[PDB]
Amino acid sequence: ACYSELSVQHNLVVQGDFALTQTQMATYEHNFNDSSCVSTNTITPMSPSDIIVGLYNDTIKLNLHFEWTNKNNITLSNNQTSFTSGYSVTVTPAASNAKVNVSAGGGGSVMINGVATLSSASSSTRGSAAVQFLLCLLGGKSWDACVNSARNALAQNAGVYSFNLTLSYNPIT
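For the sequence shown, the deposited numbering begins at 1 and goes up steadily by one.
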């Protein structure tokens, strides 16, 4: 079993001339160490969801598409505590009718918890956390509230390893 709730945060600066390139990609890699892991363990990357980010009173809407660098389970040997994970995010313009998931209000930066999450929890727990998350999101609650609820569900008697992201965009105009 593993039991820790661990996170890491990175910064993504959307370049000022994104409006001309209309795409940008970043890749992040982190080595987690959960010293509570005992015996052998399987760490599962949860399928991520695209996130629509609204900036400048949602007049700029960006589609964030997340993908695991490796989607396969991570297996830890007996009393192994460390593992490497990571993801790429691709930022593209969102469709004009896209519903904003995370909003910067008047500004150009947002903080997003849990853009990509791994868990040592069981299939049952992860499956039900995943469906409740998407439901919670459609239900109107904030991304943060939904991801917190999911993390707490995954972390009950298991480990959770989260990537968080700060995105900022100061467009040329």
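We treat Cβ as the ideally placed atom computed from N, Cα and C, and that holds for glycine.
### Query
DSSP state of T117, grouped into three classes?
In the sequence shown, counting from the first residue as 1, residue 117 sits at position 117. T117: strand per DSSP, three-state reduction.
#### Entry: Helix, strand or coil at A130 [DSSP, three-state]
Sequence index remark: in the sequence shown, residue 130 carries index 130 (1-based). Three-state DSSP puts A130 in a helix.
### Option nearest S77 by Cα separation, candidates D34, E67, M25 and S128
Taking the sequence shown and counting its residues from 1, the one referred to as residue 77 is at position 77. Nearest C-alpha to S77: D34.
### Task
For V131, count neighbouring Cβ atoms within 10 angstroms of its own Cβ and tell me buried if that reaches 16, exposed if not.
What you label residue 131 is simply residue 131 of the sequence shown in a count that begins at 1. It counts as exposed.
### Query
Which residues in the same chain have their Cβ closer than 7 Å to the Cβ of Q15, if we skip the five residues on either side of it in sequence?
The sequence position of residue 15 within the sequence shown is 15, counting from 1. Same-chain partners within the cutoff: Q24.
### Query
At what residues does the alpha helix (DSSP H) containing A145 begin and finish?
The residue you call residue 145 lines up with position 145 of the sequence shown. First-last of the alpha helix (DSSP H) with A145: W143 to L154.
#### Entry: Beta carbon of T166 nearer than 7 Å to that of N11
Position 166 of the sequence shown, counted from the start, is the residue given in the question as residue 166. Position 11 of the sequence shown, counted from the start, is the residue given in the question as residue 11. Closer than 7 Å, so yes.
#### Entry: Complete alpha helix (DSSP H) runs within the stretch 44-73 (minimum length 4 residues, chain order)
none
### Query
With DSSP run on the structure shown, which of helix, strand or coil describes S35?
The residue labelled residue 35 in the question sits at position 35 within the sequence shown. Three-state result, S35: coil.
### Query
Can you list the beta strand (DSSP E) stretches of 3 or more residues lying completely in the stretch 72-103, in chain order?
List check, beta strand (DSSP E) in window: 74-76 and 82-93.
#### Entry: Spatially closest choice to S4 from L20, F32, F133 and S49, by CA coordinates
Sequence index remark: in the sequence shown, residue 4 carries index 4 (1-based). The shortest Cα separation from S4 among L20, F32, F133 and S49 belongs to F32.
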